[PDB]
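Before any comments, here is the structure.
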Amino acid sequence: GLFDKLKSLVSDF
């Protein structure tokens with residue numbers, strides 16, 4: 001859900 005959004009941004013930059 002949301003907590004998954006922060007995990008995606010950390011994987012990019």
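Ordering of the structure tokens sets the chain letters (A, B, ...), residue numbers begin anew at 1 in every chain, and ligands are numbered from 1 in the order given.
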
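DSSP, applied to the backbone of this structure, assigns helix (DSSP H, G or I) to the following residues of chain A: residues 3, 4, 5, 6, 7, 8, 9, 10, 11 and 12 of chain A.
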
Store the residues of this selection in a file with C-alpha atoms, as a CSV table (one decimal), in the first residue's frame.
chain,number,residue,atom,x,y,z
A,3,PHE,CA,4.6,1.7,3.0
A,4,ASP,CA,5.3,0.2,-0.4
A,5,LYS,CA,5.7,3.6,-1.9
A,6,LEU,CA,8.7,4.5,0.4
A,7,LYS,CA,10.3,1.1,-0.4
A,8,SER,CA,10.2,2.0,-4.1
A,9,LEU,CA,11.8,5.4,-3.8
A,10,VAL,CA,14.6,3.9,-1.7
A,11,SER,CA,15.2,1.3,-4.4
A,12,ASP,CA,15.5,4.0,-7.1
